[PDB]
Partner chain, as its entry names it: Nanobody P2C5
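First, one chain by itself: the form solved without the partner chain, in structure tokens.
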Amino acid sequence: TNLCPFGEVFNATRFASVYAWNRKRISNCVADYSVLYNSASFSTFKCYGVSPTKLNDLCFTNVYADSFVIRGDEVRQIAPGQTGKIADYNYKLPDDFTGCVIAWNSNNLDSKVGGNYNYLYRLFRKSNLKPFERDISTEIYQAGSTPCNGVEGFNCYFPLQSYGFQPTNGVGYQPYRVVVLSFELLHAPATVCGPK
């Protein structure tokens, strides 16, 4: 009866920072996935457990679109079993991940002469995130052995820092918009389908 609202992600004016990635849940709607891949607009389009051209033939309980902005040469961490401060401390994909990772260069939207510093990532955490976990806390990290008790200090650090995107950066340090589609088939009725 309804079109799925994925355009609110792929045509969004602004994206989330990777530490606070947005999750949009999709249900009770139909969607034509041909429209994504036939755009050819995505320089990263890799699917795990599913096949882009077979997505119109399936139905799922839910689909989750996670969106956020990272730096060009961190895109490779958005994949099963990667390490680095993005996969470890900001957005972790499971090893059994079933879905698609989509990405594209957003230098024209997210870079400004002077530097856009509005996008942030978590540099410090006591442990890795678990798959699909989301940590938005802003408590002073303790890189030494002294309770920072809520203030930055020697070996005591605020856990977030800024990307700083300028148009003249090299591609490795240009902003990329990422959408991770997750496909979920539980015991409940599958409401998300393609033209069929």
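Residues that one form lacks are left out of the comparison. We call the rigid core the largest set of C-alpha positions that still match within 1.5 Å between the two forms. Residue numbers count along the first chain shown, from 1.
- In this entry, 148 to 156 shows the higher mean Cα temperature factor of the pair 148 to 156 and 53 to 61.
- Taking the mean C-alpha B-factor of each stretch as recorded, 81 to 89 and 103 to 111 are not equal, and the higher mean is that of 81 to 89.
- Across the residues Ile70, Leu36, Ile140, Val171, the deposited record lists the maximum Cα B factor for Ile140.
- Per the deposited coordinates, the residue with the largest Cα temperature factor out of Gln166, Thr44, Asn128, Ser41 is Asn128.
- In the deposited entry, the Cα temperature factor of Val180 sits in the bottom third of values across the chain's modelled residues.
- In the PDB entry, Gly7 places in the lowest third of its chain by CA B-factor.
- Ranked by Cα temperature factor within the chain, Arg14 sits in the lowest third according to the deposited record.
Keep in mind that the form deposited with the partner chain bound is missing from the display, and what follows is about it.
- Following superposition on the rigid core between the shown form and the other one, the residue from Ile136, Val151, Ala143, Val171 with a C-alpha displacement of 2 angstroms or more is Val151, and no other.
- 149 to 151 stands as the sole run between the shown form and the other one where every Cα shifts by 2 Å or more, at least three residues long, with the core as reference frame.
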